[PDB]
>>> print(open('coords-v1.pdb').read())   # PDB, C-alpha atoms (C1' of nucleotides)
ATOM      1  CA  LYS V   3      -8.601  17.527 -29.725  1.00  0.00           C
ATOM      2  CA  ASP V   4      -8.164  19.535 -26.518  1.00  0.00           C
ATOM      3  CA  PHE V   5     -10.998  21.995 -25.891  1.00  0.00           C
ATOM      4  CA  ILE V   6     -11.125  24.767 -23.309  1.00  0.00           C
ATOM      5  CA  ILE V   7     -13.928  24.303 -20.803  1.00  0.00           C
ATOM      6  CA  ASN V   8     -15.959  25.950 -18.075  1.00  0.00           C
ATOM      7  CA  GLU V   9     -14.262  29.056 -16.605  1.00  0.00           C
ATOM      8  CA  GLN V  10     -11.462  28.972 -19.219  1.00  0.00           C
ATOM      9  CA  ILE V  11     -14.007  30.231 -21.764  1.00  0.00           C
ATOM     10  CA  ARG V  12     -13.759  33.975 -22.374  1.00  0.00           C
ATOM     11  CA  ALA V  13     -16.728  34.495 -24.744  1.00  0.00           C
ATOM     12  CA  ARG V  14     -19.449  36.836 -23.442  1.00  0.00           C
ATOM     13  CA  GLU V  15     -22.188  34.900 -25.235  1.00  0.00           C
ATOM     14  CA  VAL V  16     -22.236  31.435 -26.784  1.00  0.00           C
ATOM     15  CA  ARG V  17     -24.652  29.266 -28.776  1.00  0.00           C
ATOM     16  CA  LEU V  18     -25.523  26.350 -26.492  1.00  0.00           C
ATOM     17  CA  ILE V  19     -26.195  22.712 -27.449  1.00  0.00           C
ATOM     18  CA  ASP V  20     -27.030  20.320 -24.604  1.00  0.00           C
ATOM     19  CA  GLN V  21     -25.833  16.745 -24.019  1.00  0.00           C
ATOM     20  CA  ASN V  22     -28.651  15.320 -26.181  1.00  0.00           C
ATOM     21  CA  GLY V  23     -28.354  17.656 -29.169  1.00  0.00           C
ATOM     22  CA  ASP V  24     -31.050  20.132 -28.130  1.00  0.00           C
ATOM     23  CA  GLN V  25     -30.232  23.603 -29.500  1.00  0.00           C
ATOM     24  CA  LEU V  26     -30.681  25.880 -26.474  1.00  0.00           C
ATOM     25  CA  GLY V  27     -29.946  29.068 -28.412  1.00  0.00           C
ATOM     26  CA  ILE V  28     -27.721  32.021 -27.600  1.00  0.00           C
ATOM     27  CA  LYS V  29     -26.939  32.284 -23.896  1.00  0.00           C
ATOM     28  CA  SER V  30     -24.673  34.444 -21.770  1.00  0.00           C
ATOM     29  CA  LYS V  31     -21.599  32.504 -20.624  1.00  0.00           C
ATOM     30  CA  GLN V  32     -22.928  32.840 -17.053  1.00  0.00           C
ATOM     31  CA  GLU V  33     -26.270  31.166 -17.849  1.00  0.00           C
ATOM     32  CA  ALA V  34     -24.521  28.479 -19.920  1.00  0.00           C
ATOM     33  CA  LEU V  35     -22.284  27.716 -16.927  1.00  0.00           C
ATOM     34  CA  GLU V  36     -25.361  27.489 -14.675  1.00  0.00           C
ATOM     35  CA  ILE V  37     -27.090  24.990 -16.979  1.00  0.00           C
ATOM     36  CA  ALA V  38     -23.947  22.833 -17.138  1.00  0.00           C
ATOM     37  CA  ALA V  39     -23.618  22.928 -13.354  1.00  0.00           C
ATOM     38  CA  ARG V  40     -27.203  21.905 -12.621  1.00  0.00           C
ATOM     39  CA  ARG V  41     -26.679  18.891 -14.884  1.00  0.00           C
ATOM     40  CA  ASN V  42     -23.332  18.030 -13.280  1.00  0.00           C
ATOM     41  CA  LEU V  43     -21.658  18.311 -16.684  1.00  0.00           C
ATOM     42  CA  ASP V  44     -19.033  20.583 -18.266  1.00  0.00           C
ATOM     43  CA  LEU V  45     -19.444  23.496 -20.679  1.00  0.00           C
ATOM     44  CA  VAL V  46     -17.112  22.685 -23.577  1.00  0.00           C
ATOM     45  CA  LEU V  47     -16.077  25.148 -26.287  1.00  0.00           C
ATOM     46  CA  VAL V  48     -16.413  22.882 -29.333  1.00  0.00           C
ATOM     47  CA  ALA V  49     -16.394  25.599 -32.011  1.00  0.00           C
ATOM     48  CA  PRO V  50     -14.206  28.530 -30.823  1.00  0.00           C
ATOM     49  CA  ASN V  51     -14.341  30.351 -34.143  1.00  0.00           C
ATOM     50  CA  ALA V  52     -18.074  30.033 -34.845  1.00  0.00           C
ATOM     51  CA  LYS V  53     -20.299  33.114 -34.540  1.00  0.00           C
ATOM     52  CA  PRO V  54     -21.192  33.159 -31.765  1.00  0.00           C
ATOM     53  CA  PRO V  55     -18.812  30.474 -30.345  1.00  0.00           C
ATOM     54  CA  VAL V  56     -20.508  27.084 -29.920  1.00  0.00           C
ATOM     55  CA  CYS V  57     -20.507  25.264 -26.591  1.00  0.00           C
ATOM     56  CA  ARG V  58     -21.701  21.738 -25.915  1.00  0.00           C
ATOM     57  CA  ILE V  59     -22.783  20.403 -22.534  1.00  0.00           C
ATOM     58  CA  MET V  60     -21.019  17.093 -21.897  1.00  0.00           C
ATOM     59  CA  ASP V  61     -18.787  15.196 -19.505  1.00  0.00           C
ATOM     60  CA  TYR V  62     -15.335  16.314 -20.666  1.00  0.00           C
ATOM     61  CA  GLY V  63     -13.405  13.607 -18.813  1.00  0.00           C
ATOM     62  CA  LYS V  64     -15.516  10.779 -20.211  1.00  0.00           C
ATOM     63  CA  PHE V  65     -15.274  12.313 -23.698  1.00  0.00           C
ATOM     64  CA  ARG V  66     -11.484  12.698 -23.531  1.00  0.00           C
ATOM     65  CA  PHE V  67     -10.943   9.198 -22.125  1.00  0.00           C
ATOM     66  CA  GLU V  68     -12.979   7.660 -24.953  1.00  0.00           C
ATOM     67  CA  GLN V  69     -11.091   9.660 -27.589  1.00  0.00           C
ATOM     68  CA  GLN V  70      -7.709   8.541 -26.264  1.00  0.00           C
ATOM     69  CA  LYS V  71      -8.984   4.989 -25.874  1.00  0.00           C
ATOM     70  CA  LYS V  72     -10.069   4.985 -29.531  1.00  0.00           C
ATOM     71  CA  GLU V  73      -6.707   6.287 -30.761  1.00  0.00           C
ATOM     72  CA  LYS V  74      -4.693   3.795 -28.706  1.00  0.00           C
ATOM     73  CA  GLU V  75      -6.771   0.722 -29.571  1.00  0.00           C
ATOM     74  CA  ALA V  76      -6.681   1.378 -33.330  1.00  0.00           C
ATOM     75  CA  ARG V  77      -2.882   1.512 -33.229  1.00  0.00           C
ATOM     76  CA  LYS V  78      -2.011  -1.630 -31.234  1.00  0.00           C
TER
ATOM     77  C1'   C X   1      48.578 -57.116  29.869  1.00  0.00           C
ATOM     78  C1'   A X   2      46.139 -56.711  34.753  1.00  0.00           C
ATOM     79  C1'   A X   3      44.082 -54.073  38.708  1.00  0.00           C
ATOM     80  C1'   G X   4      43.104 -49.034  39.907  1.00  0.00           C
ATOM     81  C1'   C X   5      42.723 -43.540  40.701  1.00  0.00           C
ATOM     82  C1'   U X   6      39.426 -38.664  39.810  1.00  0.00           C
ATOM     83  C1'   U X   7      41.431 -33.877  38.169  1.00  0.00           C
ATOM     84  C1'   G X   8      39.731 -34.737  31.742  1.00  0.00           C
ATOM     85  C1'   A X   9      34.680 -36.484  29.727  1.00  0.00           C
ATOM     86  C1'   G X  10      29.908 -37.855  30.823  1.00  0.00           C
ATOM     87  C1'   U X  11      25.013 -38.780  33.968  1.00  0.00           C
ATOM     88  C1'   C X  12      21.663 -36.956  37.856  1.00  0.00           C
ATOM     89  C1'   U X  13      18.724 -32.556  40.633  1.00  0.00           C
ATOM     90  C1'   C X  14      16.809 -27.469  40.709  1.00  0.00           C
ATOM     91  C1'   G X  15      16.786 -22.889  38.223  1.00  0.00           C
ATOM     92  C1'   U X  16      18.133 -18.686  34.301  1.00  0.00           C
ATOM     93  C1'   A X  17      18.465 -15.977  29.643  1.00  0.00           C
ATOM     94  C1'   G X  18      17.673 -16.289  24.448  1.00  0.00           C
ATOM     95  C1'   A X  19      14.906 -13.576  16.794  1.00  0.00           C
ATOM     96  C1'   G X  20      17.876 -21.603  18.346  1.00  0.00           C
ATOM     97  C1'   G X  21      14.509 -25.238  15.333  1.00  0.00           C
ATOM     98  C1'   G X  22       9.304 -27.373  13.538  1.00  0.00           C
ATOM     99  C1'   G X  23       3.841 -26.984  13.543  1.00  0.00           C
ATOM    100  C1'   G X  24      -0.765 -24.468  14.471  1.00  0.00           C
ATOM    101  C1'   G X  25      -3.482 -20.035  15.714  1.00  0.00           C
ATOM    102  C1'   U X  26      -4.014 -14.786  15.887  1.00  0.00           C
ATOM    103  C1'   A X  27      -3.075  -9.081  15.659  1.00  0.00           C
ATOM    104  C1'   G X  28      -2.701  -4.171  14.095  1.00  0.00           C
ATOM    105  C1'   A X  29      -0.316  -0.317  10.571  1.00  0.00           C
ATOM    106  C1'   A X  30       0.306   0.380   5.297  1.00  0.00           C
ATOM    107  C1'   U X  31       0.087  -0.549  -0.037  1.00  0.00           C
ATOM    108  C1'   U X  32      -3.079  -2.262  -4.185  1.00  0.00           C
ATOM    109  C1'   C X  33      -7.900  -3.619  -5.460  1.00  0.00           C
ATOM    110  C1'   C X  34     -13.573  -3.798  -5.123  1.00  0.00           C
ATOM    111  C1'   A X  35     -18.360  -0.957  -3.499  1.00  0.00           C
ATOM    112  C1'   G X  36     -20.330   3.589  -2.061  1.00  0.00           C
ATOM    113  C1'   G X  37     -20.805   9.354   0.198  1.00  0.00           C
ATOM    114  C1'   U X  38     -18.582  14.493  -0.441  1.00  0.00           C
ATOM    115  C1'   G X  39     -16.134  17.074  -4.151  1.00  0.00           C
ATOM    116  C1'   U X  40     -14.134  18.958  -9.308  1.00  0.00           C
ATOM    117  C1'   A X  41     -10.149  19.514 -12.818  1.00  0.00           C
ATOM    118  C1'   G X  42      -6.460  17.862 -12.407  1.00  0.00           C
ATOM    119  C1'   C X  43      -3.354  13.778 -10.517  1.00  0.00           C
ATOM    120  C1'   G X  44       1.381  11.380 -11.320  1.00  0.00           C
ATOM    121  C1'   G X  45       6.456  11.793 -12.507  1.00  0.00           C
ATOM    122  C1'   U X  46      11.377  14.348 -13.456  1.00  0.00           C
ATOM    123  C1'   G X  47      17.077  17.768 -13.183  1.00  0.00           C
ATOM    124  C1'   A X  48      13.503  19.258 -17.055  1.00  0.00           C
ATOM    125  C1'   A X  49       9.944  16.285 -19.366  1.00  0.00           C
ATOM    126  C1'   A X  50       6.988  12.805 -21.773  1.00  0.00           C
ATOM    127  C1'   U X  51       4.729   8.012 -21.786  1.00  0.00           C
ATOM    128  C1'   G X  52       0.820   7.032 -18.086  1.00  0.00           C
ATOM    129  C1'   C X  53      -3.964   8.134 -15.153  1.00  0.00           C
ATOM    130  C1'   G X  54      -8.779  11.596 -14.773  1.00  0.00           C
ATOM    131  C1'   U X  55     -15.311  14.665 -16.472  1.00  0.00           C
ATOM    132  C1'   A X  56     -17.235   6.423 -18.044  1.00  0.00           C
ATOM    133  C1'   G X  57     -15.462  11.995 -12.314  1.00  0.00           C
ATOM    134  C1'   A X  58      -9.503  10.696 -11.196  1.00  0.00           C
ATOM    135  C1'   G X  59      -6.206  12.554  -7.426  1.00  0.00           C
ATOM    136  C1'   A X  60      -7.839  14.501  -2.481  1.00  0.00           C
ATOM    137  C1'   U X  61     -11.326  13.224   1.741  1.00  0.00           C
ATOM    138  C1'   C X  62     -14.736   9.880   4.656  1.00  0.00           C
ATOM    139  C1'   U X  63     -17.036   4.854   4.941  1.00  0.00           C
ATOM    140  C1'   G X  64     -17.466  -0.512   4.351  1.00  0.00           C
ATOM    141  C1'   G X  65     -15.164  -4.989   2.279  1.00  0.00           C
ATOM    142  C1'   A X  66     -11.510  -8.479  -0.332  1.00  0.00           C
ATOM    143  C1'   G X  67      -6.594 -10.184  -0.714  1.00  0.00           C
ATOM    144  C1'   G X  68      -1.338 -10.976  -0.253  1.00  0.00           C
ATOM    145  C1'   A X  69       3.276  -9.932   1.910  1.00  0.00           C
ATOM    146  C1'   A X  70       6.154  -8.102   5.860  1.00  0.00           C
ATOM    147  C1'   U X  71       6.118  -7.384  11.062  1.00  0.00           C
ATOM    148  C1'   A X  72       7.367   0.274  12.981  1.00  0.00           C
ATOM    149  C1'   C X  73       8.184   1.625  18.154  1.00  0.00           C
ATOM    150  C1'   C X  74      10.798  -2.116  21.657  1.00  0.00           C
ATOM    151  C1'   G X  75      16.090  -2.370  19.042  1.00  0.00           C
ATOM    152  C1'   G X  76      21.099  -1.870  21.449  1.00  0.00           C
ATOM    153  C1'   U X  77      29.461  -3.031  18.610  1.00  0.00           C
ATOM    154  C1'   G X  78      21.775  -6.586  22.176  1.00  0.00           C
ATOM    155  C1'   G X  79      20.649 -12.080  22.105  1.00  0.00           C
ATOM    156  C1'   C X  80      20.586 -17.460  19.948  1.00  0.00           C
ATOM    157  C1'   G X  81      22.638 -21.168  16.673  1.00  0.00           C
TER
END
>>> encode(input="coords-v1.pdb", output="structure tokens")
Amino acid sequence: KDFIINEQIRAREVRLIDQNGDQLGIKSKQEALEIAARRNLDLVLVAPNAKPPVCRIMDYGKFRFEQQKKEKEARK
RNA sequence: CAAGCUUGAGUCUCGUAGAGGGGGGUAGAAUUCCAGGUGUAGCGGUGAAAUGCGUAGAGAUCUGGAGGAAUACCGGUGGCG
């Protein structure tokens, strides 16, 4: 569920996937953070144990809200 | 029982103070909500937490608007009934 995002990420390099599924390739964490920032989105570590770790560009708050919404609705 | 009397009780005149009652207007503070600008990962809550709220961008800040309810200071063994 919970993913670490943005500056919480410690990986030197990550494989980057953008908000639409475009495979941006291997990028330094710094460049990945720049791309996320220019798009006003977050850099989310979706696959911490992949080699190299996989990050997805997305709105973390919107993603998390929808996930919690889904869980709650299906149980009431 | 009858006539009275003016001190009890009323009436008259002119003023005074008052959150006394009923109706109608209207005001500025705040909360919550709606619409936006800035901003970004927390806010909120407790003894400690969690539920809750926030990347569909909250909270914080600035702006405009809606609505309801109550009227800080004055304010006080103050006042009115």
>>> residues_around(input="coords-v1.pdb", residues="residue V:53", least_positions_apart="4", cutoff="10 Å", atoms="only C-alpha atoms (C1' of nucleotides)", output="list in words")
residues 15, 16, 17 and 49 of chain V
>>> residues_around(input="coords-v1.pdb", residues="residue X:68", least_positions_apart="5", cutoff="12 Å", atoms="all atoms listed in the file", output="count of residues only")
3
>>> interface_residues(input="coords-v1.pdb", of="chain X", to="chain V", cutoff="10 Å", atoms="all atoms listed in the file", output="VMD selection string")
chain X and resid 41 53 to 58
>>> atom_distance(input="coords-v1.pdb", atom1="atom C1' of residue X:60", atom2="atom CA of residue V:73")
29.5 Å
>>> resolve_selection(input="coords-v1.pdb", expression="the PyMOL selection byres ((chain V and resi 48) around 12)", output="list in words")
residues 3, 4, 5, 6, 7, 8, 11, 16, 17, 18, 19, 20, 44, 45, 46, 47, 49, 50, 51, 52, 54, 55, 56, 57, 58, 59, 60 and 62 of chain V
>>> atom_distance(input="coords-v1.pdb", atom1="atom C1' of residue X:72", atom2="atom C1' of residue X:17")
25.8 Å
>>> atom_distance(input="coords-v1.pdb", atom1="atom CA of residue V:13", atom2="atom CA of residue V:31")
6.7 Å
>>> residues_near_point(input="coords-v1.pdb", point="(-17.0, 12.7, -0.5)", cutoff="10 Å", atoms="all atoms listed in the file", output="PDB file with C-alpha atoms (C1' of nucleotides), keeping the file's coordinate frame")
ATOM      1  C1'   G X  36     -20.330   3.589  -2.061  1.00  0.00           C
ATOM      2  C1'   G X  37     -20.805   9.354   0.198  1.00  0.00           C
ATOM      3  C1'   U X  38     -18.582  14.493  -0.441  1.00  0.00           C
ATOM      4  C1'   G X  39     -16.134  17.074  -4.151  1.00  0.00           C
ATOM      5  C1'   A X  60      -7.839  14.501  -2.481  1.00  0.00           C
ATOM      6  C1'   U X  61     -11.326  13.224   1.741  1.00  0.00           C
ATOM      7  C1'   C X  62     -14.736   9.880   4.656  1.00  0.00           C
ATOM      8  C1'   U X  63     -17.036   4.854   4.941  1.00  0.00           C
TER       9        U X  63
END
>>> closest_residue(input="coords-v1.pdb", among="V:71, V:41, V:36, V:76", to="residue V:9", atoms="all atoms listed in the file")
V:36
>>> axis_aligned_box(input="coords-v1.pdb", around="stretch 22-28 of chain X", padding_each_side="5 Å", output="lines of an AutoDock Vina configuration file")
center_x = 2.6
center_y = -15.8
center_z = 14.7
size_x = 23.3
size_y = 33.2
size_z = 12.3
>>> residues_around(input="coords-v1.pdb", residues="residue X:18", least_positions_apart="4", cutoff="12 Å", atoms="all atoms listed in the file", output="list in words")
residues 78, 79, 80 and 81 of chain X
>>> write_last_selection(input="coords-v1.pdb", atoms="C-alpha atoms (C1' of nucleotides)", output="PDB file, in the coordinates of the input")
ATOM      1  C1'   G X  78      21.775  -6.586  22.176  1.00  0.00           C
ATOM      2  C1'   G X  79      20.649 -12.080  22.105  1.00  0.00           C
ATOM      3  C1'   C X  80      20.586 -17.460  19.948  1.00  0.00           C
ATOM      4  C1'   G X  81      22.638 -21.168  16.673  1.00  0.00           C
TER       5        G X  81
END
>>> closest_residue(input="coords-v1.pdb", among="X:67, X:75, X:49, X:59", to="residue X:19", atoms="only C-alpha atoms (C1' of nucleotides)")
X:75
>>> residues_around(input="coords-v1.pdb", residues="residue X:71", least_positions_apart="6", cutoff="12 Å", atoms="only C-alpha atoms (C1' of nucleotides)", output="MDAnalysis selection string")
chainID X and resid 27:30
